[PDB]
Structure formats: C-alpha cells, structure tokens
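Okay, structure first, notes after.
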Amino acid sequence: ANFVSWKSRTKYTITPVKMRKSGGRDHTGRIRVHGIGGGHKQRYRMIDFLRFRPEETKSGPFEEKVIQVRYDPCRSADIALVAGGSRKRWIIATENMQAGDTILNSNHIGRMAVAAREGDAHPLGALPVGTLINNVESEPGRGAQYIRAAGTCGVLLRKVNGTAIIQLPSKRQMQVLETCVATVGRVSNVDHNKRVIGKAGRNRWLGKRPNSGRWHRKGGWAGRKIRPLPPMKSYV
Amino acid sequence: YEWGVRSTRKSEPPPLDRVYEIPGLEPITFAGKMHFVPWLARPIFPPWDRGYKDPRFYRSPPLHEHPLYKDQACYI
Amino acid sequence: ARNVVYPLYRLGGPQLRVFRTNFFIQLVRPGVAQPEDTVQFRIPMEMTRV
Amino acid sequence: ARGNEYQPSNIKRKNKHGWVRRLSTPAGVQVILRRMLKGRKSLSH
Amino acid sequence: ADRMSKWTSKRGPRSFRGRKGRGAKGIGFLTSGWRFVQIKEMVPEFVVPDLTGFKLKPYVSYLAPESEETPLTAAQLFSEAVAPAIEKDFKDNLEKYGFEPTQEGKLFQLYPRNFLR
Amino acid sequence: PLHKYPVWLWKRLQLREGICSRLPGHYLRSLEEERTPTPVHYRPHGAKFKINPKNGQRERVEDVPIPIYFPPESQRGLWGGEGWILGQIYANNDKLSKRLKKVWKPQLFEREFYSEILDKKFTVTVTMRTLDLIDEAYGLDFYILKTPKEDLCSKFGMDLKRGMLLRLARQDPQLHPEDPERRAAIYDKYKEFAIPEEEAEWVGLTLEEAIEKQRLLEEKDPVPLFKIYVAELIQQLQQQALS
Amino acid sequence: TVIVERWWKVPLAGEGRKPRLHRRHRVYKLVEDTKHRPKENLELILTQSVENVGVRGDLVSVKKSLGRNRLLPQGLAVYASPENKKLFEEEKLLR
RNA sequence: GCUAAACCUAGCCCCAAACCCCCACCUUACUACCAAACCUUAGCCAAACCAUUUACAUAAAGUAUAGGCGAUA
RNA sequence: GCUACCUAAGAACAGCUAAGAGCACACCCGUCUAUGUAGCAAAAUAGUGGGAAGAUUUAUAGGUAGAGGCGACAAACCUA
RNA sequence: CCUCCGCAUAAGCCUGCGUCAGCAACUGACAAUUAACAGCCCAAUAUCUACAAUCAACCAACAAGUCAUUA
RNA sequence: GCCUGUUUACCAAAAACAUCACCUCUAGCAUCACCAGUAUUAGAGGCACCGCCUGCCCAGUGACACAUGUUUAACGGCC
RNA sequence: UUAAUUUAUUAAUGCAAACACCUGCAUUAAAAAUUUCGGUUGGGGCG
Ligand SMILES: [Mg+2]
Ligand SMILES: [Mg+2]
Ligand SMILES: [Mg+2]
Ligand SMILES: [Mg+2]
Ligand SMILES: [Mg+2]
Ligand SMILES: [Mg+2]
Ligand SMILES: [Mg+2]
Ligand SMILES: [Mg+2]
Ligand SMILES: [Mg+2]
Ligand SMILES: [Mg+2]
Ligand SMILES: [Mg+2]
Ligand SMILES: [Mg+2]
Ligand SMILES: [Mg+2]
Ligand SMILES: [Mg+2]
Ligand SMILES: [Mg+2]
Ligand SMILES: [Mg+2]
Ligand SMILES: [Mg+2]
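Here it is, written out as structure tokens:
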C-alpha cells in the first residue's frame with residue numbers, strides 16, 4: 061500500500077490543517093477498525109495540551125486572554141483560541157469560559173493553596189484538595205493526556221509528599237507527581253451526553269459506518285460483570 | 031508532545047557496515063562501480079558542491095551569511 | 002542532427018553547433034488549398050520548428 | 048448489464064500492468080523472464 | 015487494449031499526451047505560469063560554408079580510375095601527420117607535435133564527444 | 002540434448018574464464034577448499050567404526066552435519082559456528098504423533114570487546130558459545146586469528162581477520178603511536194600469524210568483492226597510441242642510428 | 053547452544069560422496085541444550101589488589117559473569133594461558 | 001462432372017562431438033538533461049480410509065539396515 | 001478498469017407545495033405484467049413502478065488478494 | 001414522418017463511408033488534423049495562513065467547511 | 001416491521017439487515033490504525049425510536065474475582 | 001462442536017540462561033491446522 065500519514069506538520073500552527081481520513085485502514089491498507097469512514101470533511105486544529113509552556117525568552121507564570129471559544133470537529137469538547145504575549149494557541153476550554161476571559165498559567169507551587177478561578181492551570185501541589193480538575197498530565201512536562209473529553213472532570217482526592225492522587229471519571233485513582241500541571245474546573249461542552257442523534261444519517265455524518273449484520277451469540281463476557289475497584293496506579 | 035510522526039519524518043539512513051570500524055583496511059564499496067550493488071559495502075560520499083552558479087538550482091546560504099542579519103528583531 | 006547524442010548545456014557554455022546536418026527534408030505538394038505564401042515540407046520526426 | 052467489464056483507461060493500464068510496475072517487485076521480474084523465455088513480442092503494457 | 019502498437023504520443027490522456035513527445039530535443043526550460051524559456055545556445059546553429067566557386071559536384075564522372083580501399087588507421091595518421099616532424103626534430113615534452121595528454125580545457129574534445137556528429 | 006560439462010562445474014568454470022582467472026592463486030585456492038566446520042549442533046562420533054548392539058558386528062559410521070541457517074544478523078556480529086536450526090519435531094518425542102516444524106534460535110547478547118591489535122572496543126552481538134571459544138582461545142585476537150574462514154562463519158569476523166592480519170603484516174606504527182615498545186609487545190605476541198602483505202589483503206573477501214578489488218587494481222585510463230607510436234619511432238630511429 | 057540429533061538415521065555415503073538427505077532427515081530430536089548445563093568457573097590471573105577473588109599474581113577460579121564482565125574489560129586479570137604463567141612464575145621468582 | 005483428391009520437402013526428433021550468445025530503453029520501458037537479496041517446500045498419491053510413513057558404469061545387493069517392523073524405503 | 005468497502009480532490013440534482021418532508025423531470029434502481037428465450041441482449045425490451053438535497057448518484061486516480069480481502073450477513077461481492 | 005436527441009469536451013479508439021482505381025465502411029495508391037484551446041510548470045531557507053458556503057446582506061445553524069503570504 | 005434507507009449483479013427487496021433510542025462488556029493510554037483521540041472517550045456486541053414496562057433464579061456452563069463467592073438487558077431455565 | 005491428534009503459532013505465567021527484552025524447556029488458554037464420520041438392511045433413515 062501507499063499510506064503516507066497526514067500527521068506530518070512539524071511546527072505548531074494556529075491555522076486549520078487539511079487532514080485525511082483513514083477509513084479504519086492500516087498503513088497496509090487492511091481494515092483494523094470497523095465502522096470508520098465517509099463523514100463530513102474536517103480540518104484539524106492543533107491543540108497545545110502542554111498547558112504551561114513559556115514562549116521564547118520568557119518564563120514564570122503568565123496571564124493569557126481568550127479570544128474565541130470555538131467548535132472543534134475533531135473532538136467532543138469545544139476549544140478556545142487563547143493569545144498571550146506574542147503567540148496564539150488553541151487550548152481546550154473549561155465549562156464557563158467566555159471571550160475576553162483571562163487565564164493564569166502558573167508553575168509556582170505555593171506554600172499555601174491557590175484559590176484558583178474556573179479556567180486557569182496550576183501544579184497539583186498548589187490546589188485545595190477536593191477541586192474539580194481536568195487536562196491532567198501523567199509526568200511533569202508530558203502534556204495533558206487525561207480527562208480531556210467534553211464535560212468530564214476529575215477530583216483531587218488527597219495529596220501526599222511529592223504526590224497527588226487524582227480520581228479519573230472512570231472512578232479509578234491515579235498517583236501523579238506533585239509538580240505536574242493540571243487545569244481546574246470541568247471541561248466545556250457540558251450536556252454533550254444529553255444529545256439526541258435523531259437519525260442514522262447524523263450518525264453517518266460523523267464518520268461512523270453501521271455495524272455488521274452478522275448475528276453474534278453472547279458468551280461469558282456479556283453478563284453484568286460487577287468487578288471490585290482496580291488498585292490505584294502510580295507514575296512515580 | 032512533538033509534532034510530526036516518525037513515519038513521515040526523514041527516514042534514518044541504514045547503519046554503516048561494520049567494515050568501517052576496522053582501522054587497518056580500506057573498504058571495498060560500489061564506488062568503483064557506478065551503481066548500487068547489494069553484496070558490496072555502501073560508500074561514504076564527500077559533500078558535493080556545484081561549482082558554478084545556476085539560477086534554477088540556487089540554494090541560499092543559511093540565515094547568518096545573509097549580509098544584513100540583525101540580532102535585534104524587527105517586527106514588520 | 003538526428004540519432005546523435007547532443008552535448009549537455011550548462012549555463013555560460015558554448016554555442017551548440019551542427020556542422021554536417023544529419024536530417025534531410027522534402028517539400029511536398031499541398032493536397033488541400035493553402036495560401037500562396039506557404040510551402041509544405043515533410044520534416045523527419047526529430048527536427049523541431051526552430 | 049453483465050459482460051461490459053473491461054472499462055478502459057490508459058493510466059490504470061500502465062500503472063496496473065506496465066513495465067515499471069513489473070520491475071518494482073521480483074515476482075513481476077520473473078514474469079518478464081517467463082515472457083522472454085517463451086519468446087513473446089510484448090513483454091508488458 | 016493493444017500491446018503490439020508502439021506507445022506513441024497520440025495515445026494517452028491529456029497528461030500522458032503532454033509529457034511524451036517525439037524524438038525532438040529540449041531547447042529551454044519551463045518556468046512559472048508554464049512559461050517556456052528558449053535558451054539561445056541550446057539551439058543548433060547550422061554552420062554552413064559558402065558554396066561559391068566550389069568545383070565538387072554530387073557525382074563523379076565515369077572516367078575516374080579505380081583504386082583500393084585503405085582505411086585511415088592510427089599508424090597512418092601518426093605517420094604522415096607526425097612522423098616527419100619527429101624525424102626533423104630528431105636529427106638535430114610530447115606536446116610540441118600536436119599531442120595533448122589532457123583535454124579538459126579543450127573546446128572540441130575527442131573523448132567524450134562534446135561536438136556534434 | 003546435453004551440456005558438455007556438468008552443471009555443478011559451471012561456477013568453477015567461472016573461476017577460469019575472465020576476471021576470476023586473473024585473481025591471485027592463493028585466493029582461488031582458499032575458495033576451492035571444502036573443509037568442514039567444527040560440529041556445533043550435533044555430537045560427533047568417536048571413531049569411524051562402531052559395533053552396534055543389535056547384532057554385534059562393527060559397522061562404519063560418519064557424522065552427517067546439521068543444516069544451519071545463517072541470517073544476515075549473524076554476519077553483522079560474531080556468532081559461533083551457529084545460527085538458526087530449521088527443522089521438525091515429533092510432537093511428544095514419539096514418531097506416531099504429529100510432525101511439526103521448529104526453529105531453534107540461538108541466544109544473543111550485545112557484548113563489548115577490545116581488540117589489542119586493532120586497538121578498538123567493538124560492540125558485537127555474540128553468543129554464549131562464542132564467548133566460550135574466546136576463553137578457550139585466550140583472547141579475541143587469538144580467536145579471530147586462529148579460526149578458519151569456514152568455521153568462524155561471519156562476514157565481520159573475516160573482516161576482523163583481514164584487519165588484524167594487515168596490521169600484523171605491515172607492522173603498522175599506527176597501532177599505538179609515540180609508543181613503539183608496546184607495539185613490539187603486541188607484534189611479538191601475535192607473531193605466529195605473520196602473513197605476507199600480498200596474501201593478507203585477500204583474506205575474507207567474498208568472490209564478488211574480490212572481482213571488484215581485482216577490477217579496481219588492473220583498471221587504467223588507456224594509453225594513447227601517440228606515446229606507443231613515438232616509442233616505436235624513436236626506438237626505430239635508434240635502430241637506424243646503429244646501422 | 054542447542055545440540056539436536058536426527059531421528060531417522062542417514063544411510064552412509066562413502067569416502068568421496070556427500071550424504072543426500074530426504075525430508076525425513078530434517079526431523080530432529082533435542083538431545084541437549086548447553087545453557088542448562090551446570091556452569092563452570094574459568095581460571096584467571098589477577099594483577100592487582102582485587103577483592104577476595106584473589107591477590108596479585110595468583111591464578112584462580114572465577115565465575116564467568118564476574119570474570120568476563122568486570123575483570124577482563126578493566127585490565128585487572130589476564131587469561132590463564134601457558135604463555136603468561138611463565139611470566140608470572142618468573143615474577144614469583146623475583147620475590 | 002463439380003466439390004475434390006493426390007504429391008515431397010520445408011523442417012523437426014533422438015544421439016554423438018564440442019563448453020554457447022548509430023540512437024532510445026527501470027519515469028507511463030523504447031523517454032537527451034538535477035540533491036534494497038538471502039529464511040525447511042508443500043501437496044497430490046501409495047498405505048485399498050487416514051493421522052507416523054510413501055522412491056526423485058558394473059558388482060557387493062535389493063544385502064546390512066530403517067519402517068503404523070506395513071505400505072515401503 | 002466489473003463488483004464489496006475505503007482514500008484524495010471534483011461534479012449533478014428542473015419545476016411545485018412547504019425536514020435522511022411530499023408531488024415530480026433529468027438521473028439511480030428494478031415492484032409487477034407481458035414480450036424475448038441460439039434473444040437486440042451469456043438478463044434485454046415495452047408499460048407500470050420505488051427513490052430523487054441525501055445513509056444520494058456519479059466521473060477520475062489510489063488502497064485492501066485468496067489459509068485472504070471485503071460485507072447496513074444475502075455465508076453476498078472479489079473480471080460473465 | 002420521427003426525435004428522450006443533437007453539438008462539443010473528458011475518457012476511449014488509432015486513420016476506420018476524404019480523392020483516384022478495383023439484400024444491392026473491403027483492397028491498393030495518394031492526401032490530411034497547422035496553436036491562441038488543452039497538457040507539459042515553479043530557486044532556496046526560515047516565517048506566516050482564528051472568523052465557511054448558500055446572490056452573503058438580514059437571518060439561521062451544524063455535519064464545522066473547496067481557495068491567501070512575508071523576510 | 002417504528003420510520004428514510006440496505007441485500008441475494010443474473011429466479012427472493014422481504015417480515016431479513018441496518019437504524020435513532022436503550023443496555024451489557026473491555027480499556028487509564030501518545031507519535032503508521034483506534035488517534036494526532038483520552039471514560040460525556042474509544043472499541044467489542046445485544047435489542048430496536050419514543051410511551052407503560054422488563055417479573056423469579058447462579059443448580060449446570062462460561063466469564064469475573066480465588067473472601068467456595070459475584071454474574072442473567074450472559075449462555076439458559078422458570079414444577 | 002464436549003469427534004481424534006496436535007499446539008508448530010500467538011498471549012500469559014513458571015524454571016533455567018543472562019545480568020525488562022531475547023533464547024531454551026514445561027504448563028494453560030485462544031485461535032486454528034490435519035483427518036474422519038463402520039456395516040447388514042426386501043431403497044435409505046428409525047428399530
Ligand atoms: Mg451497534
Ligand atoms: Mg443485528
Ligand atoms: Mg467504471
Ligand atoms: Mg491411501
Ligand atoms: Mg476419503
Ligand atoms: Mg426526501
Ligand atoms: Mg414481490
Ligand atoms: Mg418521492
Ligand atoms: Mg453496501
Ligand atoms: Mg443470514
Ligand atoms: Mg444460508
Ligand atoms: Mg421497514
Ligand atoms: Mg441491487
Ligand atoms: Mg437475485
Ligand atoms: Mg426482484
Ligand atoms: Mg432487525
Ligand atoms: Mg429395510
């Protein structure tokens with residue numbers, strides 16, 4: 061096959077990027093994921109999930125300004141164009157985030173807590189324990205790889221010596237280092253859950269082909285599996 | 031999170047043949063031939079420069095040999 | 002000339018010159034009505050307009 | 048409607064069956080060798 | 015669907031009919047706007063002598079005598095071309117006699133041909 | 002019909018016709034030899050004859066080798082005399098069950114060595130049996146200079162043999178510069194493997210790489226016949242001057 | 053290493069002939085895997101004031117992991133060849 | 001008496017002997033010109049099924065051997 | 001190069017009433033009847049029909065290959 | 001007297017009802033389609049490209065979109 | 001059978017398949033699919049919009065956990 | 001498929017080997033692979 065991935069832009073850019081659909085196919089051209097393909101055309105907004113990065117020849121905590129909260133076709137949560145200093149970047153928006161809002165992107169772990177606003181980012185040692193957080197890193201500098209969908213939120217259950225313990229929306233606990241950045245509040249586009257697809261065509265507009273008609277018999281996997289809660293996983 | 035996947039970056043050249051690690055011997059490559067041969071070593075070519083000047087194959091100097099490069103950045 | 006490898010030209014090189022012309026020419030009669038100032042030839046394939 | 052099948056285009060013919068594709072893989076190289084050993088006039092499209 | 019016919023320029027679609035041409039030669043290059051630049055020096059100048067007072071007609075009269083074929087080997091052309099110069103400069113640096121070891125600075129090179137025909 | 006010569010001779014005939022006929026004879030001898038490696042994947046028998054238990058009569062035995070597959074990763078490093086065994090098993094070690102095929106791959110270790118002759122630490126993918134042979138040879142330089150080309154069975158190992166042999170042959174003072182005594186200690190230590198500089202350059206080349214080397218030797222920009230004919234003519238007039 | 057053995061015995065070929073093999077002489081039987089043998093110590097000579105493995109000039113028996121992995125790369129020990137044991141017995145006669 | 005019939009030599013086969021053979025063309029082959037190769041064959045079939053198995057000079061000799069100790073090798 | 005699904009970048013959808021809306025062309029399909037059955041056709045013709053701004057239809061190039069692909073499962077389609 | 005066809009371009013085909021000669025377009029010879037349309041393009045290295053389309057204005061959305069530079 | 005749609009090219013267009021909706025299971029994660037996504041997500045299935053509802057059961061199987069137990073909108077059974 | 005023989009294959013462990021990966025040897029599954037489906041019978045199936 062001749063599959064060259066579209067994910068090739070090296071430099072970060074504010075602009076939408078023409079992206080190529082996969083159809084569920086591999087680089088070898090065979091289907092690996094069923095039920096993908098044929099939706100409305102989309103362009104990719106590059107999101108800076110590493111929420112605290114400084115620009116060139118600047119450092120420390122820095123304020124930023126929300127220019128426009130914008131729909132994103134590539135995910136469930138809508139996004140905000142956020143400009144600061146000499147750079148615009150797309151970040152993912154929290155619940156009540158308006159145009160003209162101002163956000164503190166911080167790095168200093170205070171000796172006290174930081175009674176933060178709805179949409180700013182802080183290291184996990186700088187929060188009151190029991191606040192609703194989102195966009196949680198796994199390592200310091202890793203980037204936000206957790207709790208990123210629409211309306212979700214995680215809660216900070218307890219923080220120990222060099223340690224925070226997040227509760228993911230799957231209600232599995234996570235042990236992260238104290239000095240990684242998360243944002244407070246819940247993610248925007250709430251009531252994405254209470255959304256009626258209405259017809260099969262609107263399900264086809266999203267790039268979601270219908271299921272196969274092959275009648276499968278349900279085996280032992282298909283009960284009501286009440287499991288005990290999984291043990292708390294650490295990244296220390 | 032670096033942008034750009036591994037499969038679309040510049041492909042890494044294959045590792046050098048273990049002939050080149052030995053100091054005493056001069057390697058035997060397909061530079062004596064003028065084409066690839068898979069059962070000979072791959073030679074190391076000197077960095078070739080076009081001697082003359084050609085307009086449709088001009089390659090500009092990097093952004094310090096340009097004779098007006100101010101370190102103090104202007105905003106235009 | 003035809004069936005001859007032409008020497009490659011780089012910028013600033015000498016004029017490419019043919020001394021003994023390989024290809025011939027023949028002027029045929031026009032089978033259709035044509036203007037009085039027009040001569041029709043049968044160029045052999047490798048011979049351009051210039 | 049059946050039997051129309053062959054629906055011609057020269058791009059799909061050269062890129063499906065042409066010489067450069069037959070020499071792209073060693074299986075097609077062996078195809079060209081069977082054509083020359085049989086003695087055919089056209090080894091490829 | 016043909017195989018036997020020669021793949022000529024008259025045959026493909028527009029993109030195929032454009033690229034392939036006849037046995038002509040390139041005269042210039044394409045630039046933006048598809049604008050063709052014709053390079054003057056790539057055009058062959060037909061160097062044509064003056065045909066005035068020239069007394070060789072395209073045929074030879076039948077009264078000319080028959081002789082033998084002696085093709086010009088390298089020993090003949092060395093002999094009549096160089097050998098009396100060697101004999102006259104020997105009875106009293114090989115570049116003195118018309119020999120050039122290298123010919124990179126030469127205009128009309130013998131190997132490889134940079135002249136035409 | 003038939004051929005004049007049989008087919009398995011044809012490659013040997015290729016070592017007589019053209020560029021291979023101008024190869025030096027000590028190289029072509031080193032390709033014409035057919036000797037067997039040391040048994041690696043099978044116990045060799047003791048003697049040629051063997052008295053079997055079923056009828057008590059002595060019968061001659063040989064030691065048929067196991068076909069060993071060498072992937073090109075074995076030519077990147079120094080394995081032993083070993084590679085993958087491509088074979089078959091019976092399923093429960095009785096033959097009346099299913100026959101089913103198995104590849105026994107050797108266990109690899111990316112180790113590091115120091116060649117005192119070539120004066121360099123190499124990083125070599127190696128086997129445990131190779132390390133045992135290095136200990137049995139008392140050094141990797143002795144192990145590469147002692148093993149025969151067939152037995153050692155690596156492209157890189159024959160490259161190391163060619164480099165060490167050229168280092169010992171020329172007595173190169175680039176081994177340890179500004180220290181000739183240490184070079185004389187090394188060069189006296191491996192004195193036993195002294196080989197002429199003609200013969201050492203052809204050690205461990207493949208046949209095609211030796212055709213390339215022989216072709217690069219005897220290629221010349223051809224002589225213009227002006228120099229030849231001037232030689233003939235001044236020599237001819239010196240023959241005239243003696244008349 | 054892996055030492056295998058043929059199930060089906062090969063009919064013997066002669067003095068100047070190689071044994072031609074059928075597809076049943078490809079059926080092998082694992083007689084020994086050398087890695088599962090009781091491993092052996094190797095003899096060395098330390099050349100410094102090393103740990104309890106030995107002192108200067110002594111030939112000893114070391115595990116192959118410590119011997120190959122630490123001593124021989126770091127120049128602490130030399131192999132127990134017959135050639136250097138002469139030099140170190142002659143070192144012991146200089147005492 | 002129409003259709004037709006006939007024909008003899010192109011060639012071929014098996015041996016022996018002897019070791020053979022200007023220009024454009026891997027891009028859409030027949031186009032003047034720009035930044036990487038090696039990896040057990042399997043199965044049909046015979047065993048009246050099939051499942052281990054099943055062939056790929058002379059003479060010793062179809063001997064020693066091997067083998068659902070059987071087909072067979 | 002058909003067909004099943006996909007990729008890229010394209011295109012078409014009159015008029016009338018007022019949205020995977022209705023009537024209705026073009027276009028896509030093929031319910032039912034009849035003709036045809038070595039036929040015009042190795043599946044067509046005539047009429048009737050279902051849809052026709054959408055999960056539409058379609059041109060072009062590319063991808064998936066047989067121990068497989070592909071499938072809104074008919075165990076379909078993968079050059080009659 | 002029919003026309004639901006026609007004329008072009010695309011794709012395909014490759015001289016296949018032009019002249020001369022030999023149920024009631026085949027052979028030989030000769031001749032032609034002429035670029036303005038359409039193919040055949042682009043000097044690097046950094047740096048820019050948040051605001052659909054629908055007469056684009058009110059509106060009204062969602063499936064979130066076909067179009068650009070600078071040193 | 002909710003609907004529009006899909007299918008056996010060339011004997012079946014259907015009540016079959018799909019489908020909004022609902023339910024069950026699996027998964028705490030980056031650089032070639034899923035996805036440049038992160039549990040309101042993704043994938044594997046069942047049933048078929050919405051409205052009133054979905055009763056009882058772990059004996060057996062299979063899964064889950066090895067607290068001999070949990071599981072039915074799992075296979076299935078309900079004198 | 002709960003027919004027979006397998007587990008070459010993947011994925012898990014376990015033990016060696018080596019100081020997690022790889023390799024060897026066992027075990028468990030999942031995916032499969034090979035092969036078969038006796039006879040009489042007032043036709044065959046049932047008995
Ligand atoms: Mg579903
Ligand atoms: Mg279903
Ligand atoms: Mg088509
Ligand atoms: Mg049989
Ligand atoms: Mg049978
Ligand atoms: Mg409608
Ligand atoms: Mg009906
Ligand atoms: Mg309608
Ligand atoms: Mg379909
Ligand atoms: Mg069905
Ligand atoms: Mg059926
Ligand atoms: Mg219905
Ligand atoms: Mg249909
Ligand atoms: Mg049908
Ligand atoms: Mg029907
Ligand atoms: Mg249904
Ligand atoms: Mg009966």
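Chains as they are written, first to last, in PDB author numbering: chain D, 61 to 296; chain 5, 31 to 106; chain U, 2 to 51; chain 2, 48 to 92; chain 9, 15 to 106, 113 to 137; chain X, 2 to 244; chain H, 53 to 147.
Note that CB positions come from ideal geometry on N, CA and C, so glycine has one too.
What would DSSP say about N104 (chain H), mapped onto helix, strand or coil? Three-state DSSP puts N104 (chain H) in coil, outside helix and strand.
Is there a C-beta anywhere in chain 5 that falls below 7 Å from the one on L17 (chain U)? Cβ-Cβ to chain 5 under 7 Å: no for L17 (chain U).
Going along the chain, which residues of its own chain have a beta-carbon closer than 7 Å to the beta-carbon of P133 (chain D), five neighbours each way excluded? For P133 (chain D), where only same-chain residues beyond five positions count, the Cβ hits under 7 Å are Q102.
Determine, using beta-carbon pairs with one atom in the region 211 to 227 of chain D and one in the region 107 to 116 of chain D, whether at least three such pairs fall under 8 Å. Contact fails between the region 211 to 227 of chain D and the region 107 to 116 of chain D, because fewer than three Cβ pairs, one in each stretch, are under 8 Å apart.
Partner residues on chain 2 for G32 (chain 9), Cβ-Cβ distance less than 8 Å: Neighbourhood of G32 (chain 9) in chain 2, by CB distance below 8 Å: empty, with the nearest CB roughly 13 Å away.
Which residue wins for smallest C-alpha separation from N62 (chain D), given the options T75 (chain D), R171 (chain D), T88 (chain D), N195 (chain D)? Measuring from the Cα of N62 (chain D), the nearest candidate turns out to be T88 (chain D).
On a Cα-Cα basis, can you pick out the residue from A143 (chain D), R113 (chain D), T70 (chain D) that is closest to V126 (chain D)? That would be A143 (chain D), whose Cα lies nearest to the Cα of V126 (chain D).
Proximity test, Cβ basis, 7 Å: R72 (chain 5) and chain X: Answer no: the Cβ-Cβ gap between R72 (chain 5) and chain X never drops below 7 Å.
Sub-7 Å separation of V125 (chain X) and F110 (chain X) beta-carbons: Not a contact, by the Cβ cut-off of 7 Å.
Might you give, ordered along the chain, the residues of its own chain that have their beta carbon closer than 6 Å to the beta carbon of residue 94 (chain 2), omitting 5 neighbours on each side? No answer is possible for residue 94 (chain 2): it lies beyond the span of chain 2, which begins at 48 and ends at 92.
C-beta atoms of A173 (chain D) and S248 (chain D) nearer than 7 Å: No, Cβ-Cβ distance for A173 (chain D) and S248 (chain D) is not below 7 Å.
Step through the CB atoms of chain 5 and report whether any lies within less than 7 Å of the CB of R69 (chain D). At least one beta carbon of chain 5 lies nearer than 7 Å to the beta carbon of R69 (chain D).
Within 7 Å of any Cβ in chain U, is that where the Cβ of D84 (chain 5) sits? Judged by the 7 Å Cβ criterion, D84 (chain 5) is in contact with chain U.
Taking the continuous alpha helix (DSSP H) assigned at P73 (chain X), which residues delimit it? For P73 (chain X), the enclosing alpha helix (DSSP H) covers residues 73 to 77.
Answer with buried or exposed for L55 (chain 5), where buried requires no fewer than 16 other C-beta atoms within 10 angstroms of its C-beta. In summary, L55 (chain 5) is buried, with 16 or more beta-carbon neighbours lying within 10 Å of its beta-carbon over all protein chains present.
Since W11 (chain X) is in the alpha helix (DSSP H), which residue starts that stretch and which ends it? Membership of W11 (chain X) in the alpha helix (DSSP H) is indicated by the continuous run 11 to 15.
So, under 8 Å CB-CB, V83 (chain H) and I55 (chain H) are touching, yes? Tell me the CB distance rounded to an integer number of Å. By a beta-carbon distance limit of 8 Å, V83 (chain H) contacts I55 (chain H). Their separation comes to about 6 Å.
Candidates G170 (chain D), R232 (chain D), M79 (chain D), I96 (chain D): which alpha carbon is nearest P270 (chain D)'s? Considering only alpha carbons, the answer is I96 (chain D).
Own chain partners of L90 (chain 2) with C-beta closer than 7 Å, once the 5 adjacent residues on each side are dropped: Same-chain partners within the cutoff: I79, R82, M83.
When you compare the CB positions of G82 (chain X) and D152 (chain X), do they come within less than 7 Å of one another, or not? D152 (chain X) is positioned such that its CB atom lies closer than 7 Å to that of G82 (chain X).
Per DSSP, the bridge partner or partners of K83 (chain 5): For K83 (chain 5), which the question treats as bridged, DSSP gives no partner whatsoever.
Tell me whether the region 6 to 26 of chain U and the region 37 to 50 of chain U touch, counting them as touching only if at least three CB pairs, one residue from each stretch, are closer than 8 Å. Contact between the region 6 to 26 of chain U and the region 37 to 50 of chain U is present, because at least three Cβ pairs lie under 8 Å.
Does any residue of chain 9 bring its CB to less than 7 Å from the CB of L226 (chain X)? Cβ-Cβ to chain 9 under 7 Å: yes for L226 (chain X).
Flag this pair as touching only if the region 129 to 144 of chain X and the region 52 to 59 of chain X have three or more C-beta atom pairs under 8 Å; answer yes or no. Segments in contact, no.
Is any beta-carbon of chain U found at less than 7 Å from that of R25 (chain 9)? With its beta carbon at least 7 Å from every one in chain U, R25 (chain 9) lies outside the interface.
Any heavy atom of ligand 1 closer than 6 Å to the beta-carbon of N195 (chain D)? No; taking the cut-off as 6 Å, the Cβ of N195 (chain D) has no heavy atom of ligand 1 nearer than that.
Step through the CB atoms of chain 2 and report whether any lies within less than 7 Å of the CB of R17 (chain 9). With its beta carbon less than 7 Å from one in chain 2, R17 (chain 9) belongs to the interface.
Using only CA atoms, which one of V241 (chain D), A210 (chain D), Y206 (chain D), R135 (chain D) lies nearest to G185 (chain D)? Per the Cα distances, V241 (chain D).
Leaving out five residues before and five after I212 (chain X) in sequence, what residues of the same chain have Cβ atoms less than 6 Å from its Cβ? For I212 (chain X), where only same-chain residues beyond five positions count, the Cβ hits under 6 Å are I20.
For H64 (chain 2), the first and last residue of its enclosing beta strand (DSSP E): Careful: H64 (chain 2) lies outside any beta strand (DSSP E), inside the alpha helix (DSSP H) at 57 to 64.
Would you say the beta carbon of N271 (chain D) comes nearer than 6 Å to a heavy atom of ligand 1? Yes, the Cβ of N271 (chain D) comes within 6 Å of a heavy atom of ligand 1.
Under DSSP, the beta strand (DSSP E) around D85 (chain H) begins and ends at which residues? Where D85 (chain H) is concerned, the enclosing beta strand (DSSP E) stretches over 80 to 85.
Once the 5 residues before and after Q128 (chain D) are set aside, which same chain residues still bring their CB inside 8 Å of it? Excluding positions up to five away in sequence, the list reads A140, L141, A159.
Can you name the residues that DSSP bridges to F123 (chain X)? Beta-bridge pairing links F123 (chain X) to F114 (chain X).
Determine, using beta-carbon pairs with one atom in the region 228 to 239 of chain X and one in the region 90 to 105 of chain 9, whether at least three such pairs fall under 8 Å. Between the region 228 to 239 of chain X and the region 90 to 105 of chain 9 there are three or more inter-stretch CB-CB distances shorter than 8 Å, so the stretches are counted as touching.
So which residues of chain 5 does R163 (chain X) contact, with C-beta pairs closer than 7 Å? Within 7 Å of the CB of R163 (chain X), the CB atoms of chain 5 belong to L55, in sequence order along the chain.
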